[PDB]
Amino acid sequence: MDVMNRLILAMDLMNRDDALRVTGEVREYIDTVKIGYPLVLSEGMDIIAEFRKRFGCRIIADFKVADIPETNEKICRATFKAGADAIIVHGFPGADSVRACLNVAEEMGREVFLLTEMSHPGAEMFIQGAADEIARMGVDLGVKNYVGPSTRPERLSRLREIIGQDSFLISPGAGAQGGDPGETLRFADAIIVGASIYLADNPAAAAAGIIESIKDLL
Amino acid sequence: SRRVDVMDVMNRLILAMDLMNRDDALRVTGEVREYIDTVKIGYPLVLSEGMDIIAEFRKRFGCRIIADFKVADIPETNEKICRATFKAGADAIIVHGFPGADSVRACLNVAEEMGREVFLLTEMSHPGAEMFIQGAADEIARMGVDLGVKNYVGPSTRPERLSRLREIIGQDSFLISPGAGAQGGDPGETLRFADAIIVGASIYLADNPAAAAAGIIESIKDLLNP
Ligand SMILES: O=c1cc(O)n([C@@H]2O[C@H](COP(=O)(O)O)[C@@H](O)[C@H]2O)c(=O)[nH]1
Ligand SMILES: O=c1cc(O)n([C@@H]2O[C@H](COP(=O)(O)O)[C@@H](O)[C@H]2O)c(=O)[nH]1
């Protein structure tokens, strides 16, 4: 997919008015919005349909789907019915769980993003040791879209090595968590940015500033 | 209950209510209410009908509600998810252990503040669980013990693993177990180790869900009470 300015907004405000207002402020800079459970649990799945309709943007549902295959299927169907273009799925529950999501996405013309390694310190306990194998499992499953950590560019490089140059890689952890936009974009196709933008005094200025800092990579 | 300090679950049977429309979900839950007082509500129903389905279940049935949200994000996002869930009236939430201790601790802190419970999911019931989760499961359980977790989830499909998990978490912990029924787990064998079983489709897709629940209860009657 073609993400404008290589920048995806993580819209984790939990109030519909604040979420709509802030997203509107940065819409000229960003055409791809990640909506997760903080906003969806607070305002309902209809918020995905509303965002796509109002903003004419791509919506990635960040649901970190992590259940058994049959439940994963139900979650994916509900999510795509609401109009999401893509869904983020954990790889650690294994290949049948991921395949269930891939099957629903194929049926409905949507994409699965496989989360391979996470950005937070706790990721080092169990996920990091499995991450290379999760990525390889994704390759064998036919996964073309992946998520890996801005906070560990050496791990992004390794992930890129496994998934190849044609796969799409997006990366959270830039800004608030300490990752650097420019360094992350050496390996990832796009960065995900949340609080650095949505908690800024001027979200538009924050977005513009991030974009200026990576201007030569656009 | 098996101990005075653990969650009392009527008939050791928790309904996994994964129907995806309000009318069917309310009907089936109402039909089985004389057998079951504890309902696990997950994303299939919540995404379809909204978090206010929790409010409706509390109103109509007064059942204990476990929000099966398999929380599996970074600590900051986990906190937001737990806050929204308990704000909506859930009694407890289920959290993955695979993302590590800081992510689990975030959920425990919210539960502590809000006077609710966290269940730690240690090993899963489906075959895919063997690829990565099973190899980490003993360590995930020990992590739970180190963090002071009292409530755990482990697989009905593998009682030999439940035996081991019960060893790690001890007799003073509360353990519930999905995979009984549809996925092939046996209720009686599972209840050797688990305090309660979770059952979904073999009840909610039955021609007569009440009859299905009653049949499960009859099959485990020697294990019921207290
Ligand atoms: O490994 C990961 C995977 C994520 O989806 N995320 C998500 O990316 C976003 C990061 O937001 P922020 O820029 O405010 O740190 C959050 O929505 C978070 O849940 C993450 O931080 N790390
Ligand atoms: O390891 C696990 C953990 C679960 O929460 N579950 C959940 O338990 C329920 C099982 O339902 P069923 O009896 O229809 O197989 C589903 O809601 C599923 O998401 C599971 O099956 N295995």
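Only this structure's heavy atoms are used, side chains among them; waters, hydrogens and symmetry mates stay out. Letters A, B, ... are given to chains in the order of the sequence lines, protein chains preceding strands, and every chain is numbered from 1.
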Toward chain A: residues of residues 121-132 of chain B with heavy atoms under 4.5 Å: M124(B), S125(B), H126(B), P127(B), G128(B), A129(B), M131(B), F132(B)

Given the options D68(B), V104(B), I140(B), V71(B), which has more heavy-atom pairs under 4.5 Å with chain A than any of the others? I140(B)

Among residues 87-95 of chain B, which residues come closer than 4.5 Å to chain A, judged by heavy atom distances? none

So how far is it from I68(A) CD1 to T157(B) OG1, rounded to the nearest 0.5 Å? 9.5 Å

Taking all heavy atoms of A72(B) and all of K64(A), pick out the closest pair and write down the distance. O-CD, 3.3 Å

With chain A, the option among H96(B), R83(B), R105(B) that has the most non-hydrogen atom pairs under 4.5 Å is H96(B)

Residues, nucleotides or ligands: over 12 heavy atoms within 6.0 Å of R52(A) CZ: no

Within this structure, what is the CG-CG distance for the pair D12(A) and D73(B), rounded to the nearest 0.5 Å? 8.0 Å

Residue among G194(A), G94(A), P93(A) with most heavy-atom pairs under 4.5 Å to chain B: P93(A)

So if I take each residue of residues 39-47 of chain A and look for any heavy atom under 4.5 Å from a heavy atom in chain B, which residues do I end up with? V40(A), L41(A), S42(A), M45(A)

Checking heavy-atom separations under 4.5 Å from chain A, one finds in residues 175-196 of chain B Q183(B)

Worked verdict on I133(B) versus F92(A) for side chain to side chain contact (heavy atoms under 4.5 Å, CB included): CA-CA 7 Å; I133(B) 290 175; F92(A) 77 80; 3.7 Å; yes

